[PDB]
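Visitor: Below you will find the structure I want to go over with you.
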Amino acid sequence: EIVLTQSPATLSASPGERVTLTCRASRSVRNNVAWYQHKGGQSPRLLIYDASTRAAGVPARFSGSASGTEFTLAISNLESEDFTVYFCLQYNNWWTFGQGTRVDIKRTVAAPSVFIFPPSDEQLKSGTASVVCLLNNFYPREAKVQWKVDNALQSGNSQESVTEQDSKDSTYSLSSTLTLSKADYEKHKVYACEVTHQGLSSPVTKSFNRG
Amino acid sequence: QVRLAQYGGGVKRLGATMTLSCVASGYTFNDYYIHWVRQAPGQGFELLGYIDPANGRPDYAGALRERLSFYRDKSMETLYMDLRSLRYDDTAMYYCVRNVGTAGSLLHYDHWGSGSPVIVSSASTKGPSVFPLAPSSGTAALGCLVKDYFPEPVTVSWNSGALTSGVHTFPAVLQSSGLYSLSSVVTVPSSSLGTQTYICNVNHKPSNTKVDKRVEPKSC
Amino acid sequence: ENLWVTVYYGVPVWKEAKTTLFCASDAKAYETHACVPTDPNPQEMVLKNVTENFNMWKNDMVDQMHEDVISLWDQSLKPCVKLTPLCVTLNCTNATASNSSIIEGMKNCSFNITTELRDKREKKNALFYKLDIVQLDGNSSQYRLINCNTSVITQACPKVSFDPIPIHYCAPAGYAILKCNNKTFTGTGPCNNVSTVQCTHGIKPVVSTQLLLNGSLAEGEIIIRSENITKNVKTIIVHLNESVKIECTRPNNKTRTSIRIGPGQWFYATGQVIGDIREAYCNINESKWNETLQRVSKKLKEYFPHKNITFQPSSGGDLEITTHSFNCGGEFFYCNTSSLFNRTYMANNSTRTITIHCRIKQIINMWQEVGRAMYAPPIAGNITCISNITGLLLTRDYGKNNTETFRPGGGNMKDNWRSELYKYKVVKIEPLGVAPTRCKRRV
Amino acid sequence: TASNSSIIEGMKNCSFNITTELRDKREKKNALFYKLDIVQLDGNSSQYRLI
């Protein structure tokens with residue numbers, strides 16, 4: 001039943017800053033809420049339960065409060081090792097979880113570099129024709145990509161992937177894939193990818209003809 | 001001081017029964033519940049159901065009452081989970097977790113455990129296929145695609161380690177076919193395309209197959 | 001103006017605390033606990049305009065009772081003979097009578113044991129119910145007692161027949177007990193008919209699951225109590241007023257046989273069986289049961305305004321919760337109760353009598369612990385006991401869609417006593433205070 | 001059973017009889033001991049007893 005809406009999906013900050021997280025709820029759940037810590041390939045751990053009370057061994061720089069139908073978490077003084085993902089949790093009706101928000105390195109906007117690759121003949125022989133579209137070195141993370149063949153939007157048979165933010169310059173890179181059958185590949189003539197990002201005024205588009 | 005360790009897991013075949021396990025440590029076995037929670041990659045968590053160690057009561061989630069099973073023994077402080085008819089979409093991580101509780105209410109989770117993955121596929125050991133991402137035609141991007149291999153992981157390098165500058169490698173992803181694939185890219189000036197050669201050097205340990213693929217031959 | 005301190009002594013006022021309590025014994029008790037301390041004559045005094053709060057989920061003496069019961073049992077069982085030498089390899093096929101399947105531990109088994117002299121061995125045999133036996137690996141003719149791989153087994157002293165004698169508590173000098181009497185109280189919140197007493201009324205240490213029996217009855221209409229920190233409660237208590245009677249019987253005639261272990265301690269078991277064989281059973285007046293369930297359903301919806309209500313039988317766990325467990329005489333019972341809860345509802349006296357089929361197993365574990373399996377000596381002849389019930393323990397699944405569900409549980413021995421001490425809260429008096437006045441020494 | 005035994009001299013692979021899961025049955029095992037907790041009985045130098 002209960003659903004928690006977690007926003008924003010990302011927050012940008014630098015060491016020494018104060019960062020505030022937020023969690024929204026479908027309906028009132030009293031003060032019954034908690035915040036958890038999670039890291040790469042590790043065991044999550046307790047931070048705050050009852051929305052106000054800290055647990056043993058926790059650093060003293062964590063704090064938060066409730067807002068009736070909303071919940072707020074804040075890091076008073078951000079440390080380098082505090083960069084991770086967090087998610088809000090509620091325990092009023094039946095257990096559920098959020099999606100998870102990540103802390104991000106603060107830097108300026110930068111548009112992506114776009115490329116496209118038609119199918120390779122060696123791969124095309126298998127009849128599992130697949131296509132690739134790439135975005136490299138952009139910022140921030142939040143963005144979207146779209147696949148179109150003959151100006152027709154495609155979904156279900158495509159995938160998305162993302163890299164870790166490159167530390168030396170703090171830019172993200174994204175790639176996606178499309179998969180097709182040889183018969184469908186013959187049926188469709190022109191293939192294209194579309195991109196949307198903060199640093200681009202208009203959707204940058206790339207396309208190619210078969211062969 | 002208190003720990004929860006896991007055993008078992010590993011790869012399993014599609015449609016087959018599977019097991020997991022958690023072993024308690026010396027805090028107390030009769031005074032706390034246990035929960036099982038899982039996490040599909042790139043998805044929000046969900047819950048399965050909670051088993052009390054005292055008497056053995058289960059209480060399943062609403063979406064899985066036909067397929068799950070719990071039971072325990074207090075003598076050795078052990079808990080076993082049975083899952084039947086593994087569907088493709090159950091591939092994810094599994095944890096055990098303790099759960100503080102008063103005499104009349106349940107509050108939260110406060111001590112997560114080791115973490116154990118499970119992978120479902122119908123394939124045996126199988127080596128990758130390699131296809132280059134030839135550059136298009138002042139700076140151009142090129143890469144290589146590795147396709148249809150199992151199990152993880154794989155090794156990738158460029159020009160025998162002589163062209164690692166600016167290389168980005170996306171993490172591998174499990175397909176609907178049951179085989180892993182990934183991609184890696186590198187950027188070079190357009191002029192270098194007509195005066196240089198590029199190599200993708202890949203080696204897959206489980207099969208120990210190796211590939212050295214050229215990228216430039218189709219710089220169209 | 002110019003007021004001065006007056007220091008009154010012994011003014012009535014109290015604060016909450018927790019303290020040890022005296023335990024009283026009946027005037028004609030069993031005969032440290034057998035015949036002492038003394039039994040007083042209780043009295044109850046009603047008061048006016050008394051403001052006070054209660055909390056049945058936090059009050060103290062609930063915890064204390066857990067210690068007292070276990071202490072009593074430990075005292076009773078501690079000196080009795082251990083059974084350690086008996087735990088040896090059994091060899092049995094046991095199909096010597098037309099009735100073998102239902103018990104499978106039959107006379108004519110055999111296990112080597114020590115005779116009354118310490119360096120000679122003898123062969124004997126007796127009965128056992130297969131629920132107290134397990135099979136070793138490989139040869140399917142070898143067997144072992146269930147709890148002997150992990151603990152020692154102690155036998156109830158044959159001359160001991162402890163039964164639920166009532167117990168009531170008296171506060172020690174300086175503390176006072178408050179009772180409350182409002183008949184619609186939920187178990188948590190304020191009261192407006194406060195009262196004080198010499199001591200509590202009787203309470204029986206009854207052991208049972210899926211419903212509490214031989215207990216007292218409510219004063220008004222049915223009540224439902226629960227915690228209110230979060231809907232995801234552990235155990236919801238429902239308290240009855242109208243007593244639905246129940247009977248249970250065990251027709252077969254058991255024959256007592258014995259063995260002696262030296263130096264000076266005897267061992268008991270079941271031997272010959274007399275009469276035709278049947279499974280133990282019980283009876284219920286479907287009229288009363290369905291009417292009570294109707295009233296419970298129409299009261300239960302108050303916390304769940306609009307969803308449908310449907311019952312289903314318990315699920316999983318050892319037999320201590322899958323079934324109803326209670327003891328009459330000197331032997332235990334387990335009763336499947338699927339038929340008595342397969343009902344449903346939605347918003348907007350001997351006819352149809354029902355029967356239920358039970359089983360009895362000898363070896364028992366104190367519901368909580370490991371390591372202390374009790375062994376019961378069989379009782380010869382037939383046994384029957386009238387009984388009546390007063391409440392139910394309900395836990396709830398994940399509420400889904402437009403329907404909500406309850407199912408019977410209650411394996412934690414704590415809750416049973418929680419259902420008979422919601423009344424009392426113990427406090428301490430502070431007989432000292434101050435105030436202003438104007439009186440003068442006049443020396 | 002190792003490059004040196006005199007240092008400890010209680011090695012895996014002493015062995016002694018002991019009671020198994022159930023009384024009327026016996027089993028064989030082995031474990032280590034430092035000789036400072038062992039003494040030799042008279043005569044047969046292969047028999048030992050806890051000090």
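Every chain in the structure tokens takes a letter, A first, then B, and so on in the order presented; its residues are numbered from 1, and the ligands are numbered from 1 following the presented order.
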Give the helix (DSSP H, G or I) residues of region 284-359 of chain C, as assigned by DSSP on the backbone, as a ChimeraX atom specification.
Guide: /C:286-303,319-322
Visitor: Can I get the selection written as a tab-separated table (two decimals), in the first residue's frame, with N, CA, C and O atoms?
Guide:
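Output file selection-v9.tsv follows:
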```
chain	number	residue	atom	x	y	z
C	286	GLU	N	-22.16	-25.73	17.85
C	286	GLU	CA	-21.96	-24.81	16.73
C	286	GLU	C	-22.81	-23.56	16.86
C	286	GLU	O	-22.39	-22.48	16.43
C	287	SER	N	-24.01	-23.68	17.44
C	287	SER	CA	-24.83	-22.50	17.68
C	287	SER	C	-24.03	-21.42	18.40
C	287	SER	O	-23.85	-20.31	17.90
C	288	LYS	N	-23.53	-21.76	19.59
C	288	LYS	CA	-22.84	-20.78	20.41
C	288	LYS	C	-21.58	-20.27	19.73
C	288	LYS	O	-21.30	-19.07	19.76
C	289	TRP	N	-20.81	-21.17	19.11
C	289	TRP	CA	-19.56	-20.75	18.49
C	289	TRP	C	-19.81	-19.77	17.36
C	289	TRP	O	-19.13	-18.74	17.25
C	290	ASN	N	-20.79	-20.07	16.50
C	290	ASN	CA	-21.06	-19.18	15.38
C	290	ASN	C	-21.62	-17.85	15.87
C	290	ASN	O	-21.30	-16.79	15.31
C	291	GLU	N	-22.46	-17.87	16.91
C	291	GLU	CA	-22.96	-16.61	17.45
C	291	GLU	C	-21.83	-15.76	18.01
C	291	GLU	O	-21.77	-14.54	17.77
C	292	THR	N	-20.91	-16.38	18.75
C	292	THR	CA	-19.79	-15.65	19.31
C	292	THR	C	-18.91	-15.08	18.21
C	292	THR	O	-18.46	-13.93	18.29
C	293	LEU	N	-18.66	-15.87	17.17
C	293	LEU	CA	-17.87	-15.37	16.05
C	293	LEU	C	-18.57	-14.21	15.36
C	293	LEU	O	-17.93	-13.24	14.94
C	294	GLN	N	-19.89	-14.29	15.22
C	294	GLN	CA	-20.65	-13.18	14.66
C	294	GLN	C	-20.42	-11.91	15.46
C	294	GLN	O	-20.11	-10.85	14.90
C	295	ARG	N	-20.58	-12.00	16.78
C	295	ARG	CA	-20.41	-10.80	17.60
C	295	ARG	C	-18.98	-10.28	17.51
C	295	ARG	O	-18.76	-9.07	17.43
C	296	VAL	N	-17.99	-11.18	17.51
C	296	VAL	CA	-16.60	-10.75	17.41
C	296	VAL	C	-16.37	-10.02	16.10
C	296	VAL	O	-15.72	-8.97	16.05
C	297	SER	N	-16.90	-10.57	15.01
C	297	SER	CA	-16.73	-9.94	13.70
C	297	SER	C	-17.36	-8.56	13.68
C	297	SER	O	-16.78	-7.60	13.16
C	298	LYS	N	-18.56	-8.43	14.26
C	298	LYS	CA	-19.24	-7.14	14.23
C	298	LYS	C	-18.65	-6.14	15.21
C	298	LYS	O	-18.93	-4.94	15.11
C	299	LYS	N	-17.84	-6.60	16.17
C	299	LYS	CA	-17.05	-5.70	17.00
C	299	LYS	C	-15.68	-5.42	16.38
C	299	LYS	O	-15.15	-4.32	16.52
C	300	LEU	N	-15.11	-6.42	15.70
C	300	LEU	CA	-13.75	-6.28	15.19
C	300	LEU	C	-13.64	-5.18	14.14
C	300	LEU	O	-12.59	-4.55	14.01
C	301	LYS	N	-14.72	-4.92	13.41
C	301	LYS	CA	-14.66	-3.98	12.29
C	301	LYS	C	-14.43	-2.55	12.74
C	301	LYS	O	-14.16	-1.68	11.90
C	302	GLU	N	-14.55	-2.26	14.04
C	302	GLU	CA	-14.46	-0.87	14.49
C	302	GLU	C	-13.12	-0.25	14.11
C	302	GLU	O	-13.08	0.90	13.66
C	303	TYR	N	-12.02	-0.98	14.28
C	303	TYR	CA	-10.71	-0.49	13.87
C	303	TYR	C	-10.48	-0.61	12.37
C	303	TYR	O	-9.53	-0.01	11.86
C	319	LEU	N	4.25	-27.87	16.62
C	319	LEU	CA	2.86	-28.13	16.95
C	319	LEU	C	2.34	-27.20	18.03
C	319	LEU	O	1.12	-27.11	18.21
C	320	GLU	N	3.21	-26.50	18.76
C	320	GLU	CA	2.75	-25.64	19.83
C	320	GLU	C	1.89	-24.48	19.33
C	320	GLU	O	1.22	-23.84	20.15
C	321	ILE	N	1.90	-24.19	18.03
C	321	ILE	CA	1.06	-23.12	17.50
C	321	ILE	C	0.16	-23.57	16.36
C	321	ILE	O	-0.91	-22.96	16.16
C	322	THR	N	0.50	-24.60	15.60
C	322	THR	CA	-0.40	-25.04	14.54
C	322	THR	C	-1.74	-25.50	15.08
C	322	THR	O	-2.72	-25.51	14.34
```
Visitor: List the spatial neighbours of residue 37 (chain B) as a list in words - criterion: any atom at most 7 Å away, only C-alpha atoms, same-chain residues fewer than 3 positions off excluded.
Guide: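 With the cut-off at 7 Å, the set is residues 46, 47, 48, 94, 95 and 96 of chain B.
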Visitor: Give me a file of those residues, with C-alpha atoms, as a PDB file, in the first residue's frame.
Guide:
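File written: part12.pdb
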```pdb
ATOM      1  CA  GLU B  46      10.862  -5.113  -1.403  1.00  0.00           C
ATOM      2  CA  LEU B  47      10.087  -7.574   1.375  1.00  0.00           C
ATOM      3  CA  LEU B  48       9.329 -11.302   1.370  1.00  0.00           C
ATOM      4  CA  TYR B  94      19.481 -11.459  -0.574  1.00  0.00           C
ATOM      5  CA  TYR B  95      20.078 -10.373   3.023  1.00  0.00           C
ATOM      6  CA  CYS B  96      19.138 -11.389   6.524  1.00  0.00           C
TER       7      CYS B  96
END
```
Visitor: Write out as a list in words each polymer residue whose atoms come within 9 Å of residue 30 (chain D), counting only C-alpha atoms; drop sequence neighbours fewer than 6 positions from it.
Guide: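 The contact residues come out as residues 11, 12, 13, 14, 15 and 16 of chain D.
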Visitor: Since we have the selection now, will you write its residues out, keeping N, CA, C and O atoms, as a compact mmCIF listing (two decimals), in the first residue's frame?
Guide:
```
# COMPACT_ATOMS: atom_id res chain seq x y z
N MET D 11 49.75 -34.52 18.19
CA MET D 11 49.53 -34.21 16.78
C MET D 11 48.30 -34.93 16.24
O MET D 11 47.91 -36.00 16.73
N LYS D 12 47.69 -34.32 15.23
CA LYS D 12 46.60 -34.94 14.51
C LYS D 12 47.13 -36.01 13.55
O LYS D 12 48.31 -36.02 13.19
N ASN D 13 46.24 -36.91 13.15
CA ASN D 13 46.61 -38.02 12.28
C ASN D 13 47.58 -38.96 13.00
O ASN D 13 47.23 -40.09 13.34
N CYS D 14 47.14 -37.43 19.12
CA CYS D 14 46.86 -38.76 19.65
C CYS D 14 45.43 -39.18 19.33
O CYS D 14 44.62 -38.36 18.89
N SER D 15 45.12 -40.46 19.55
CA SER D 15 43.78 -40.98 19.30
C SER D 15 43.33 -41.77 20.52
O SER D 15 44.12 -42.46 21.17
N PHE D 16 42.03 -41.68 20.81
CA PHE D 16 41.48 -42.30 22.01
C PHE D 16 40.00 -42.59 21.80
O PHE D 16 39.34 -41.97 20.96
```
Visitor: What's the 9 Å shell around region 58-75 of chain A, counting only C-alpha atoms, without same-chain residues fewer than 2 positions away, as a PyMOL selection string?
Guide: chain A and resi 17-31+33+35+46-48+50-56+77-78+82+88
Visitor: Quick one: residues within 8 Å of residue 110 (chain B), only C-alpha atoms, excluding same-chain residues fewer than 6 positions away - as a ChimeraX atom specification?
Guide: /A:45-46 /B:97-100
Visitor: Could you work out which residues of chain C fall inside 10 Å of chain B? Count only C-alpha atoms, and format the result as an MDAnalysis selection string.
Guide: chainID C and resid 57:58 149:151 226:236 314:322 367:371 396:400 409:412 414:415
Visitor: Write out as JSON, numbers by chain each polymer residue whose atoms come within 10 Å of residue 36 (chain D), counting only C-alpha atoms; drop sequence neighbours fewer than 3 positions from it.
Guide: {"D": [8, 9, 33, 39, 50, 51]}
Visitor: Just write the chosen residues, N, CA, C and O atoms, as a PDB file, in the first residue's frame.
Guide:
```
ATOM      1  N   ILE D   8      55.754 -30.180  20.000  1.00  0.00           N
ATOM      2  CA  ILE D   8      54.409 -30.248  20.560  1.00  0.00           C
ATOM      3  C   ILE D   8      54.098 -31.690  20.949  1.00  0.00           C
ATOM      4  O   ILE D   8      53.663 -31.960  22.073  1.00  0.00           O
ATOM      5  N   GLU D   9      54.300 -32.620  20.016  1.00  0.00           N
ATOM      6  CA  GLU D   9      54.222 -34.054  20.284  1.00  0.00           C
ATOM      7  C   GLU D   9      52.790 -34.536  20.498  1.00  0.00           C
ATOM      8  O   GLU D   9      52.556 -35.740  20.644  1.00  0.00           O
ATOM      9  N   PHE D  33      47.801 -31.763  21.642  1.00  0.00           N
ATOM     10  CA  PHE D  33      48.104 -31.395  23.018  1.00  0.00           C
ATOM     11  C   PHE D  33      49.574 -31.029  23.116  1.00  0.00           C
ATOM     12  O   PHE D  33      50.421 -31.655  22.474  1.00  0.00           O
ATOM     13  N   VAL D  39      51.760 -36.751  30.595  1.00  0.00           N
ATOM     14  CA  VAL D  39      52.773 -37.519  31.307  1.00  0.00           C
ATOM     15  C   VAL D  39      52.738 -38.948  30.794  1.00  0.00           C
ATOM     16  O   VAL D  39      51.730 -39.393  30.232  1.00  0.00           O
ATOM     17  N   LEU D  50      46.326 -37.568  31.113  1.00  0.00           N
ATOM     18  CA  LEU D  50      46.319 -36.141  31.417  1.00  0.00           C
ATOM     19  C   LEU D  50      46.848 -35.879  32.825  1.00  0.00           C
ATOM     20  O   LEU D  50      46.472 -36.554  33.784  1.00  0.00           O
ATOM     21  N   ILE D  51      47.676 -34.840  32.960  1.00  0.00           N
ATOM     22  CA  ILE D  51      48.520 -34.711  34.147  1.00  0.00           C
ATOM     23  C   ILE D  51      47.683 -34.681  35.420  1.00  0.00           C
ATOM     24  O   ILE D  51      47.995 -35.370  36.398  1.00  0.00           O
TER      25      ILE D  51
END
```
Visitor: Write out as an MDAnalysis selection string the set of residues from region 245-422 of chain C that DSSP, computed on the backbone, places in strand (DSSP E).
Guide: chainID C and resid 245:260 266:274 281:284 308:311 324:328 331:335 344:345 354:359 374:375 381:396 403:408
Visitor: Would you pick out the contacts of residue 187 (chain B) at 10 Å or less, using only C-alpha atoms, so that residues sharing its chain but fewer than 6 positions from it are not included, and give the list as a list in words?
Guide: residues 136 of chain A; 135, 139, 140, 141, 142, 143, 165, 166, 167 and 168 of chain B
Visitor: Would you tabulate, counting only C-alpha atoms, all residues of chain B that have an atom at most 8 Å from an atom of chain A, showing the closest pair of atoms and their distance in Å to one decimal, sorted by chain then ascending number, as a Markdown table?
Guide:
```
| residue | atom | partner | partner_atom | distance |
| --- | --- | --- | --- | --- |
| B:43 | CA | A:99 | CA | 6.6 |
| B:44 | CA | A:99 | CA | 4.5 |
| B:45 | CA | A:97 | CA | 5.6 |
| B:46 | CA | A:96 | CA | 6.0 |
| B:47 | CA | A:95 | CA | 6.9 |
| B:107 | CA | A:91 | CA | 6.6 |
| B:108 | CA | A:91 | CA | 6.7 |
| B:109 | CA | A:46 | CA | 7.8 |
| B:110 | CA | A:46 | CA | 5.5 |
| B:111 | CA | A:45 | CA | 6.2 |
| B:112 | CA | A:43 | CA | 5.8 |
| B:113 | CA | A:43 | CA | 6.0 |
| B:114 | CA | A:43 | CA | 6.3 |
| B:115 | CA | A:43 | CA | 7.2 |
| B:131 | CA | A:123 | CA | 6.6 |
| B:132 | CA | A:120 | CA | 7.4 |
| B:133 | CA | A:117 | CA | 6.3 |
| B:134 | CA | A:117 | CA | 7.4 |
| B:135 | CA | A:117 | CA | 7.9 |
| B:136 | CA | A:117 | CA | 7.4 |
| B:141 | CA | A:115 | CA | 7.0 |
| B:168 | CA | A:163 | CA | 7.8 |
| B:169 | CA | A:163 | CA | 7.5 |
| B:170 | CA | A:163 | CA | 5.8 |
| B:171 | CA | A:163 | CA | 7.5 |
```
Visitor: Those same residues, written as an mmCIF file, in the first residue's frame with N, CA, C and O atoms?
Guide:
```cif
data_model
loop_
_atom_site.group_PDB
_atom_site.id
_atom_site.type_symbol
_atom_site.label_atom_id
_atom_site.label_comp_id
_atom_site.auth_asym_id
_atom_site.auth_seq_id
_atom_site.Cartn_x
_atom_site.Cartn_y
_atom_site.Cartn_z
ATOM 1 N N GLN B 43 16.871 -1.240 -8.759
ATOM 2 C CA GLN B 43 15.462 -1.219 -8.398
ATOM 3 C C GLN B 43 15.335 -0.967 -6.905
ATOM 4 O O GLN B 43 16.258 -1.222 -6.129
ATOM 5 N N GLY B 44 14.172 -0.460 -6.506
ATOM 6 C CA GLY B 44 13.883 -0.332 -5.094
ATOM 7 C C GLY B 44 13.683 -1.687 -4.446
ATOM 8 O O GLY B 44 13.290 -2.661 -5.086
ATOM 9 N N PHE B 45 13.952 -1.746 -3.145
ATOM 10 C CA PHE B 45 13.818 -2.994 -2.418
ATOM 11 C C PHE B 45 12.366 -3.463 -2.403
ATOM 12 O O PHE B 45 11.456 -2.811 -2.916
ATOM 13 N N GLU B 46 12.172 -4.634 -1.809
ATOM 14 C CA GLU B 46 10.862 -5.113 -1.403
ATOM 15 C C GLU B 46 11.092 -6.125 -0.292
ATOM 16 O O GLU B 46 12.230 -6.420 0.074
ATOM 17 N N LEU B 47 10.007 -6.647 0.259
ATOM 18 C CA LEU B 47 10.087 -7.574 1.375
ATOM 19 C C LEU B 47 9.421 -8.891 1.006
ATOM 20 O O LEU B 47 8.501 -8.920 0.185
ATOM 21 N N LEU B 107 9.228 -2.149 15.076
ATOM 22 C CA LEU B 107 9.696 -0.787 14.851
ATOM 23 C C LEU B 107 10.513 -0.621 13.575
ATOM 24 O O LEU B 107 10.163 0.224 12.747
ATOM 25 N N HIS B 108 11.592 -1.371 13.382
ATOM 26 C CA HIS B 108 12.485 -1.073 12.270
ATOM 27 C C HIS B 108 13.530 -2.174 12.143
ATOM 28 O O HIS B 108 13.486 -3.188 12.844
ATOM 29 N N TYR B 109 14.467 -1.970 11.218
ATOM 30 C CA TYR B 109 15.633 -2.826 11.056
ATOM 31 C C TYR B 109 16.860 -2.063 11.530
ATOM 32 O O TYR B 109 16.980 -0.862 11.279
ATOM 33 N N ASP B 110 17.776 -2.755 12.211
ATOM 34 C CA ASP B 110 18.913 -2.078 12.810
ATOM 35 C C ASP B 110 20.252 -2.771 12.623
ATOM 36 O O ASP B 110 21.261 -2.257 13.114
ATOM 37 N N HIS B 111 20.302 -3.930 11.977
ATOM 38 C CA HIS B 111 21.589 -4.584 11.782
ATOM 39 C C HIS B 111 21.592 -5.493 10.564
ATOM 40 O O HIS B 111 21.257 -6.676 10.669
ATOM 41 N N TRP B 112 22.001 -4.976 9.412
ATOM 42 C CA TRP B 112 21.988 -5.791 8.208
ATOM 43 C C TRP B 112 23.185 -6.731 8.191
ATOM 44 O O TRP B 112 24.111 -6.610 8.995
ATOM 45 N N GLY B 113 23.152 -7.688 7.270
ATOM 46 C CA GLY B 113 24.082 -8.797 7.267
ATOM 47 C C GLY B 113 25.049 -8.784 6.102
ATOM 48 O O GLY B 113 25.374 -7.742 5.532
ATOM 49 N N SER B 114 25.508 -9.986 5.744
ATOM 50 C CA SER B 114 26.615 -10.120 4.803
ATOM 51 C C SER B 114 26.223 -9.755 3.377
ATOM 52 O O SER B 114 26.945 -9.003 2.716
ATOM 53 N N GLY B 115 25.107 -10.278 2.884
ATOM 54 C CA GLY B 115 24.735 -10.074 1.497
ATOM 55 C C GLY B 115 25.228 -11.191 0.601
ATOM 56 O O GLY B 115 26.419 -11.510 0.605
ATOM 57 N N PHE B 131 32.802 -7.533 -31.399
ATOM 58 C CA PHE B 131 32.453 -6.747 -32.570
ATOM 59 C C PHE B 131 32.917 -5.314 -32.343
ATOM 60 O O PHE B 131 32.618 -4.727 -31.288
ATOM 61 N N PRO B 132 33.639 -4.711 -33.288
ATOM 62 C CA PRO B 132 34.191 -3.373 -33.050
ATOM 63 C C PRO B 132 33.175 -2.271 -33.303
ATOM 64 O O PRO B 132 32.272 -2.402 -34.133
ATOM 65 N N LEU B 133 33.336 -1.170 -32.565
ATOM 66 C CA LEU B 133 32.564 0.051 -32.802
ATOM 67 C C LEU B 133 33.454 1.017 -33.577
ATOM 68 O O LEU B 133 34.082 1.922 -33.023
ATOM 69 N N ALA B 134 33.505 0.811 -34.889
ATOM 70 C CA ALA B 134 34.393 1.600 -35.726
ATOM 71 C C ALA B 134 33.991 3.074 -35.691
ATOM 72 O O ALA B 134 32.805 3.402 -35.588
ATOM 73 N N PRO B 135 34.960 3.985 -35.776
ATOM 74 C CA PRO B 135 34.629 5.413 -35.709
ATOM 75 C C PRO B 135 33.814 5.858 -36.913
ATOM 76 O O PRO B 135 33.928 5.300 -38.006
ATOM 77 N N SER B 136 32.983 6.874 -36.698
ATOM 78 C CA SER B 136 32.179 7.426 -37.776
ATOM 79 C C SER B 136 32.937 8.539 -38.492
ATOM 80 O O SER B 136 33.793 9.213 -37.914
ATOM 81 N N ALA B 141 34.822 9.140 -31.761
ATOM 82 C CA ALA B 141 34.800 8.115 -30.729
ATOM 83 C C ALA B 141 34.686 6.729 -31.349
ATOM 84 O O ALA B 141 33.987 6.526 -32.346
ATOM 85 N N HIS B 168 36.739 4.330 -21.320
ATOM 86 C CA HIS B 168 35.613 4.144 -20.418
ATOM 87 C C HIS B 168 34.982 2.781 -20.667
ATOM 88 O O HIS B 168 34.734 2.403 -21.817
ATOM 89 N N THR B 169 34.726 2.048 -19.587
ATOM 90 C CA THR B 169 34.161 0.705 -19.657
ATOM 91 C C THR B 169 32.869 0.668 -18.857
ATOM 92 O O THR B 169 32.882 0.888 -17.642
ATOM 93 N N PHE B 170 31.762 0.386 -19.534
ATOM 94 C CA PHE B 170 30.494 0.223 -18.840
ATOM 95 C C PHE B 170 30.444 -1.143 -18.156
ATOM 96 O O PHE B 170 30.937 -2.129 -18.710
ATOM 97 N N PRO B 171 29.863 -1.234 -16.960
ATOM 98 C CA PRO B 171 29.765 -2.540 -16.298
ATOM 99 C C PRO B 171 28.864 -3.489 -17.073
ATOM 100 O O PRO B 171 27.913 -3.070 -17.738
#
```
Visitor: Can you work out the spacing between CA of residue 138 (chain A) and CA of residue 167 (chain A) in Å, to one decimal?
Guide: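 CA of residue 167 (chain A) lies 12.7 Å from CA of residue 138 (chain A).
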Visitor: Taking only C-alpha atoms into account, report as a list in words which residues of chain D lie within 9 Å of chain C.
Guide: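 Close to chain C, chain D has residues 21, 22, 23, 24 and 25 of chain D.
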